């Protein structure tokens, strides 16, 4: 992988809460898993056509967002796995993510910008 680590992700549904997932950036794609050894990703977020921005959040530190610029209301193309094994579409307009430190946030941002620009 180009980068891996624990990050908190905000949900995309009615009651949006933060969950800690193991994220792996590789192949112009951002994956996340429940455990570091899980063979299959719980979520797949292709980075094509996505941009990244810093954001401030009232509850969690060190945040950034993946989003579609000038978005006319479209969801980000992604997959997500439910409890029963079902592969479904992601429900997100944005992915808001929180890193443990400012240094980790900066390093994830540089890594993600390097992936999308050249692919």
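Positions refer to the first chain, counted from 1.
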Stretch with higher mean Cα temperature factor, 4-12 vs 110-118, is 110-118
When mean C-alpha B-factors in the record are compared for 86-94 and 26-34, the larger belongs to 86-94
Highest CA B factor of 68, 47, 63, 79, as deposited, is found at 79
Comparing against every modelled residue in the chain, figure out the third that the C-alpha B-factor of residue 43 lands in (lowest, middle or highest). lowest
